[PDB]
Amino acid sequence: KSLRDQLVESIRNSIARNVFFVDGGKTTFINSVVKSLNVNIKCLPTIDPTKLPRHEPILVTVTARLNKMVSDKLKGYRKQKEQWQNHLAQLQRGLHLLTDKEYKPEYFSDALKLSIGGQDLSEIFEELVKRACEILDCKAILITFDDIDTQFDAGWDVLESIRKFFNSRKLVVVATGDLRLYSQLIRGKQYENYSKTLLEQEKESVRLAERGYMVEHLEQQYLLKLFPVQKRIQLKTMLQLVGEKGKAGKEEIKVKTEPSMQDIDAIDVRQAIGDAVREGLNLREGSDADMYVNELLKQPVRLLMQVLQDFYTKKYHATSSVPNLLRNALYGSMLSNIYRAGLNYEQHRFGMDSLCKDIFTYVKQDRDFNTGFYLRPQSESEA
Amino acid sequence: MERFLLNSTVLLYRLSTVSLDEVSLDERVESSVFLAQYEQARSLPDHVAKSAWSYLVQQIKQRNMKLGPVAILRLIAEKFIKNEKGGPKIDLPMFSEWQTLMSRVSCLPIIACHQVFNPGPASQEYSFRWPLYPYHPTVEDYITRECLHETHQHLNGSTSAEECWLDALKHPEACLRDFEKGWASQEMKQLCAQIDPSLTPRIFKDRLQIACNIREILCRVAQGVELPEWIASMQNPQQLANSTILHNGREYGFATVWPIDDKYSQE
Amino acid sequence: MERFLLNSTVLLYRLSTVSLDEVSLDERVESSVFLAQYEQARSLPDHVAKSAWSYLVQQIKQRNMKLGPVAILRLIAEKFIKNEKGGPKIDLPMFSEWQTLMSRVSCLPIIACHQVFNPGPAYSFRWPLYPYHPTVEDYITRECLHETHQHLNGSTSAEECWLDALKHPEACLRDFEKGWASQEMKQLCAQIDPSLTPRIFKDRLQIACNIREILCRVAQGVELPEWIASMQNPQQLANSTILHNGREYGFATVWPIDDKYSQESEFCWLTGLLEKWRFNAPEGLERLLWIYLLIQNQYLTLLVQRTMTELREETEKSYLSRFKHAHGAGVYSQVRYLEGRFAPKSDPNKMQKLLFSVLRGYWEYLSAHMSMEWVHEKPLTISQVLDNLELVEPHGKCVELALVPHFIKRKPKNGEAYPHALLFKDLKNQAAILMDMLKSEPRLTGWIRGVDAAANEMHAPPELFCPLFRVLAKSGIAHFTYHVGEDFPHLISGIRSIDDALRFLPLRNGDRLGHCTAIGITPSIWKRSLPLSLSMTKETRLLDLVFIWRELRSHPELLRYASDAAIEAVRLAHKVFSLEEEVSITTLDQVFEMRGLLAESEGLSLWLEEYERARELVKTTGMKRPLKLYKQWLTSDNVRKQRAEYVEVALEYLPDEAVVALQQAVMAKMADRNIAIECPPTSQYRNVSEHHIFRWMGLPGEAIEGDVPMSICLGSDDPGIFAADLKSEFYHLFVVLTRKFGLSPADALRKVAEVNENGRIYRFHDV
Ligand SMILES: [Zn+2]
């Protein structure tokens, strides 16, 4: 919550690239920041790129929302209205550009109808932005963008929106997600600029490596300007939201394990996790259980919340084994990890026998073989 | 062609139904105009219609006006009414045309138009005198010498209709009474359907209330009085079918103050 | 009054809206009828309608019928039709009235009713009906007619098109909505039925299908399927099927005939239904019949007042139908010389498909009458068809076909190199297609006899086509036709159009123009409801002024007007060209006489000669100023803007006398060039007797002193009637002349003849 506080203050101190980013839930935080934004700057309902039909331009989506709020302030209380439809029509008319699979020759006369010379959609959109800022009497606008984890290919489109339409002095941006995915996106695009024949001709180590070098160089020079360092917000993780072993505790969280949990019976967070692990692992209060639960709180927020929200759910259900409840939570939480590990997938075939082979394999990909039977959570692989 | 833009049931329907901030109606207006002219003047050979409308819009744009009753009155007055000797008059050649018009439209708005944007010398205080007339010295001398002689006056009591408009506005409830007591009459049913198919006494009274409200509001603005707040809430024309307006929980009357005691006097 | 009961949008609305068990509704009729008549025949004096309806119901009650199409049709049939010599025929005095009605309704139901309640001596349905006159019949037999103007609904009568729609309902939908976006038909639809919309369009169509199905079931008298009981609200018939109790029941049933949508099928069906209802009818089914008939009527009216449906006419069925109708019911063809007018298609393949369809239909028609070695008994290519046809000879037993492609002129678009450039692109495309077929198969030239340029005139002036006509002539197109004088901003404008067509188009002796209504209408009856001033294009205004001066130069009694027109034309030229120097009207004419030249000749194989037709002009040294002005007029954006601009013209700008002098000068040119006019019957005319056809044909009290004979021919194209025919309008002309003009029948027969022989004399058919 302090994260969003400092974010709001900073971007407020951003108006006197123009892109802020949030690494990571990401969507919850972004919605929080938006509502916090409700020094006059206007926000847009966040665009979820992965929730948009497969063929629009991000810019047309933007312009649709823009039409909405602009008309809304316009339906409220005109000589500005007709001027606005002027730019709207000009843009729409010059909207085919990004679209067409070719260039149509008859468009030349349109290209000769009348301050840079041409049908720059960037300047058209910036004129739109100017008109909107005038109309809504705001210093600028923010454009807000959702994680592309469910579809990481679309965000590329958002970035092109950025560079062809978002190089404005009246727009700030706020994106979220993993820059990792943006990285392979942009690098992959880059290779898409290579000529194939060249690729399948000049294909051994020397130039393959130099090509990788040049492409990664461009990737870096590219994303770097795309996301200025000052404008990323780290966002504090859950475990760093909380004392690692009690020598910390910046804003303890506290959670409610029962339905009643009248704001005082909420069983901390760390202590509830420790209980779950210890008596769900028959594990005592040593540090290994402690270190377990720390490496249990290091997991993605949704993962941990789900596995800690089901275990106590079924525990209360049965209260009207802890090690079987917690195992059911782990199974439904990590089935993909266990399933991809080649580990037993069927549930009715559990017995004991499955266990021996299961852990024997586990140590086989965890290497170890010295204390693999410890089943200790210290693999460089998060699964 | 102007006449239709001031007399068109379809135009009224569209304007009344549609909202107040929609803007850019020209296409709808054009369509309504052609439907109307089709209804009244059947014989027009259907292309003179486009020619005339186009010429009108050419006039509006060239004189930098917007489609609207103001520009309509502009064209009408400049076309018809001139100032000569004493007060404004109608040119002799276009007199017959003028009656063809007045058969369908009221002169008073046109007269105000002429006085306002083309007053005669600022020496004759003009007092509204209807109807307007042309000028002929010979005829005028004959009238002075012999005066006229009225034998047949039995149409609308003995007054002209434009007065009955203000009379109903004074007495709208009773006008509604007279309408309804007779609306059951088939002949009245036939006439009402013929002119406005979907009239009914309900929309009769509704239009009456709307007109009263519009008059009060526009008198306020003509006095240039601060555009009272509830206009902001005022968003659909239908809302004027009520004697009042609800802005935020509070109901506001449309009445304003008038310089003249008879708020219904043609003066 | 009757017509309103069968043709009324409001009646349709009320009937469809009210439930099927309502009963005691005759007020809805009397009220709705007064409405519908108020809209349509507004002029009735508010009491005649009352009295007429009262007398109608009077007759109904006296004769003990129920208000309904049974009684209405019985009244109409007894009043109009009789049984006479051969099949029922119609009274000569009442013929014009019958046509006035056919402008509103369809004959077929009335016909069936007459057969039912008054069959002749113990017939095959045939449309249209006719009166009788022995002399006229003998004339027609001895000479037959000659169809010269048939292009209204393709070339077919609409009543078949309605059946065609029911056959391909979806298709007529498609055509409707594709065009529903076009403004023009939106206004037409609003004017006809305000709340029409494609939605209720579909609804009414499928409903009518339902009704015909159900009424056919009862006409066969079949055990009255249960679901009628559930059928309670006409809108229930707006769906392809109906739900009785959990089950969904369709309406299709077995009909004796194979062509389920045949006019003859409908004839037999309605005959049986009426026979079963000779004494009474179930009110629900009877309401079904009103609604059916009404829907027919309004759809038909829409159609007449008006692409894929036409494409559906591209089988050798419609044309064979056309030919069988053209031939009478007898062994010899009722008509002699037919003109086959067809819309050109931009695709060579569509073009050849249409051509083969037409040709095969004609060959089959001829085969159905003559026996002879056909070489290819089952031809499949146009080549084989012509191989069959060339063996045919002009005995006259069958019809002789002459084929002509239409040229449709569209309004110029917002932006182009020169006016109508794109339209000219399209037209040259069609023409190239045509000439290349001519090359490939030269034999068609004996069949494609002339090319015609039709459609609303203002969208393009004729000169756009002179190079087209010239190149086509060199291709081998004998004859040329171009619609003129029909519709126009000002009567002077129409006259100018006609004369410029004369002086510009490559028209040879005997060519035929078309409507030319401008030279037909008097100024007296040309202004009857019009505004006192008329807005019209600046360019056309200038052309009219130039033309007026050109013509009236030589007339002493109008020299004032001539000098005027010169002066105003000069002023208009200065403004439109925004001229800086002085321009003489002489120079203006030098400019405007050039309008027959192709834009892209030299100022912008067969097309060569015309490409260079600008060469001699440019060679002409003294034409400098005219050439530059012409170039500007074509290209200058400002000039084209002012050309589009409009201006008012005094209704009575020129005296009727001046107008008549202009017209008569035009007729002088026409006779000089021996060019004919296809005059069909058709807005301002309250009665047909006011028809300008008569003015030419020389009626005392109608012809004008300076009139000259103009070689007029007959045309079976009346825009606002159903199942019109060349014979029908021959009857029209004969009866009107005989009765309204009192001429002896021999005289009237002669008078209509000379027009008929004009048609033959100037026939486009190969010799
Ligand atoms: Zn025609």
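Method information in the entry identifies cryo-EM as the source of the structure, with 6.73 Å recorded as the resolution.

Moving on: a nonpolar patch on the surface. Together, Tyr103, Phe108 and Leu112 of chain A line one region of the surface with nonpolar side chains, adding up to about 370 Å² of accessible area. Since its relative accessible area comes to 58%, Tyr103 of chain A is described here as exposed.

Next up on the list: the interface of chain B and chain C. In this complex, chain B contributes 20 residues to the contact, which on the side of chain C involves 18 residues. For the salt bridge of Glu39 of chain B with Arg42 of chain C, the shortest nitrogen-to-oxygen distance reads 3.1 Å. If you look at where chain B meets chain C, you find six residue pairs in polar contact. Secondary structure elements with two or more residues in the side of chain B that touches chain C: α3 (26-40), α4 (48-62) and α11 (186-195) of chain B. Per-element tally for the side of chain B that touches chain C: the top contributor is α4 of chain B, with six residues. Here the side of chain B that touches chain C is composed, by residue class, of 10 nonpolar, eight polar and two charged.

Turning to the nonpolar core, a few remarks are in order. Among soluble globular proteins, nonpolar side chains are generally buried collectively. In terms of nonpolar packing, the biggest core is built from 265 residues, with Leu215, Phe469, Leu472, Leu513, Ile519, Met670 and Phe730 of chain C touching the most fellow members. Here the element with the most residues in this core is helix α15 (residues 283-305) of chain C; it accounts for 13 residues. Sequence-distant contacts of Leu513 of chain C, defined by excluding residues within four places in its chain, comprise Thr481, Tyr482, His483, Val484, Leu502, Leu507, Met670, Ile675, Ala676 and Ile677 of chain C. In terms of nonpolar packing, the next biggest core, distinct from the first, is built from 35 residues, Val62, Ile141, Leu171 and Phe227 of chain A among them.

The expected angle between donors at a tetrahedral four-coordinate metal is 109.5 degrees. At an octahedral six-coordinate metal it is 90 or 180 degrees. Residues and elements named next belong to chain C. Distances from the zinc ion to its protein donors, namely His149 (NE2), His151 (NE2), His483 (NE2) and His515 (NE2), fall within the range 2.0 to 2.2 Å. One way to put it: the four donor atoms around the zinc ion meet at angles of 80 to 172 degrees, and that makes the site irregular. Owing to a relative accessible area of 18%, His151 belongs among the buried residues under this scheme. For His483, a relative accessible area of 2% corresponds to the buried category.

About the criteria used
Residues numbered from 1 in each chain as written, not as in the entry; some residues may be left out. Chains lettered and ligands numbered in written order. Part of a larger assembly, values for the part shown. Heavy atoms only, no water. Patch = residues over 30% accessible without salt bridge, like charges linked within 9 Å, V, L, I, M, F, W, Y side chains within 5 Å. Areas by Shrake-Rupley, 256 points an atom, 1.4 Å probe, with all protein chains shown as cover. Salt bridge = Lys/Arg side-chain N within 4 Å of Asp/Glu carboxyl O. Buried < 20%, exposed > 50% of the residue type's maximum accessible area, 1.4 Å probe, protein only. Contact = heavy atoms within 4.5 Å. Polar contact = N/O pair within 3.5 Å; in protein donor to acceptor, adjacent residues only side chain to side chain. Helix = DSSP H or I, 4+ residues; strand = E, 2+ residues; numbered from the N terminus. Nonpolar A, V, L, I, M, F, W, Y, C, P; charged D, E, K, R; others polar. Core = buried A, V, L, I, M, F, W, Y, C linked by side-chain atoms within 4.5 Å. Donors = N, O, S within 2.8 Å, 3.2 Å for Na, K, Ca; no water. Tetrahedral: all angles 85-135°; square planar, octahedral: opposite > 155°, others 65-115°.

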